[PDB]
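Using the deposited numbering, read the sequence shown as starting at 2 and increasing by one per residue.
Quick reminder that beta carbons are idealized off the backbone N, C-alpha and C, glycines included.
Inspection log for the structure reproduced underneath, given as structure tokens.
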Amino acid sequence: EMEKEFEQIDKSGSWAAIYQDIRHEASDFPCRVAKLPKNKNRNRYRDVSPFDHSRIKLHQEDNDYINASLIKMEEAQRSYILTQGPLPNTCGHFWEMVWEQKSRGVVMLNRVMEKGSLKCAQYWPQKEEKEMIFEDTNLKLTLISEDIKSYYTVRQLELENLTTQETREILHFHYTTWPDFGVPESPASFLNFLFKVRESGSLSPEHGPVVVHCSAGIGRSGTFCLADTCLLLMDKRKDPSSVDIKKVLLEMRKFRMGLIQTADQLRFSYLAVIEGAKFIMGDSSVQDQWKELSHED
Ligand SMILES: O=C(O)COc1c(C(=O)O)sc2ncccc12
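This is the structure:
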């Protein structure tokens, strides 16, 4: 049981050891396509690649490669697409993927610049009147509105397939205060943000999978998805004790390498799930508490 295990790990101070155990047991599958010479410039990090078996394929004959993985959680019945922060030459591919996979929501957990470096291209328009056209993939993207909070921004975007003139509303959930290789400020601010994504309907099975990305698409992204899946599993069964967080993470790691990047991100995942469970088991008022504690205004 997660809460007992949590206290047991804290007491012995063995988070590093627990985390390394997961790293040792984690799946290892080929990433041949990712490592092809022609794809070198499509990858942000040399050591972060999608497995061939779970990679998202672009619907194009030229080159179908993007650094993105489908995390298909069978038992939970929810899917996520985890991807790197798009590069200056892959923003058209990124939006092509969003279109083709029928995603309603995009979750961004990093800033464009972190620690003096550019961890992600400016892939969405910052101003209504300055829309973006991705010539390579024939897509248009317009900022419709934004709602800026203290530590996260929600944007409404219109994505248009210029080939067919069909348009879709994409919701962009941008968490601005989560450091690379770090953790959110509190379980509350993380949970407040996750529930915003949930409340939008972006995670509905009636949609294609939500797109989740930080810089590499494994650390912060893995943490977000792990917490969400654990809460959903618990919710389906209405049974917090049925959820084995480490087992869930190992299942996720069958679909993308390196999910959760530090022992403290793992420890934070426990905190978030333990706290989120209060809502699941029907203390609705806790949502209000998170909103307040998060200081979003
Ligand atoms: O998302 C995270 O916490 C860590 O993600 C990564 C990086 C970053 O955000 O600068 S750089 C990097 N290199 C290899 C694997 C993950 C990451």
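Beta-bridge partners of residue i, as assigned by DSSP
i, result
"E167", "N162"
"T143", "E159"
"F182", "DSSP output for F182 lists no bridge partner at all."
"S55", "BP columns for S55 are empty, so no partner."
"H173", "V107 and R156"
"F196", "According to DSSP, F196 bridges with nothing at all."
"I149", "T154"
"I134", "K141"
Pick from the options that is closest to residue i, judged by C-alpha positions
i, options, result
"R112", "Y176, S190 and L250", "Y176"
"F7", "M235, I82, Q157 and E276", "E276"
"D137", "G93, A27, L232 and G218", "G93"
"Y153", "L160, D298, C226 and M3", "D298"
"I82", "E2, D181 and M253", "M253"
"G14", "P126, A264, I23 and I145", "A264"
"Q123", "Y271, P87 and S151", "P87"
"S55", "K73, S151 and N64", "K73"
"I219", "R105, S286 and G183", "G183"
"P206", "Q78, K120 and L192", "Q78"
"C121", "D289, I261, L192 and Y46", "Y46"
"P126", "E159, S118 and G106", "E159"
"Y271", "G223, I149 and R24", "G223"
"residue 305", "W179, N193, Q157 and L119", "For residue 305 there is no data in the structure shown, the boundaries of the chain being 2 and 298."
Residue i vs residue j beta-carbon contact at 8 Å
i, j, result
"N139", "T164", "yes"
"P89", "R257", "no"
"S80", "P210", "yes"
"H214", "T84", "yes"
"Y66", "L267", "no"
"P31", "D53", "yes"
"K116", "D181", "yes"
"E76", "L250", "no"
"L204", "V198", "yes"
"residue 299", "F225", "Nothing can be reported for residue 299, as the shown portion of the chain is limited to 2 through 298."
"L144", "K128", "yes"
"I171", "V108", "no"
"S28", "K255", "yes"
"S187", "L294", "yes"
"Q288", "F191", "no"
Backbone CA spacing between residue i and residue j [nearest angstrom]
i, j, result
"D245", "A189", "22 Å"
"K41", "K292", "42 Å"
"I281", "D11", "25 Å"
"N44", "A35", "8 Å"
"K103", "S201", "15 Å"
"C231", "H296", "25 Å"
"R221", "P185", "9 Å"
"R33", "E2", "38 Å"
"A273", "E62", "42 Å"
"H60", "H173", "23 Å"
"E147", "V155", "6 Å"
"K247", "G259", "13 Å"
"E101", "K131", "24 Å"
"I134", "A228", "35 Å"
"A17", "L71", "28 Å"
"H208", "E4", "33 Å"
"residue 305", "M114", "Within the shown structure, residues of the chain are numbered from 2 to 298, placing residue 305 beyond reach of any answer."
"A69", "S151", "29 Å"
"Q290", "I261", "27 Å"
"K239", "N193", "21 Å"
Ranges of the beta strand (DSSP E) found wholly within the stretch 40–125, counting only runs of at least 3: You should have 56–58, 66–74, 79–84 and 106–109.
Unbroken alpha helix (DSSP H) runs of length 4 or more, entirely within the stretch 210–241: which are they? Counting only runs of 4 or more, we get 220–238.
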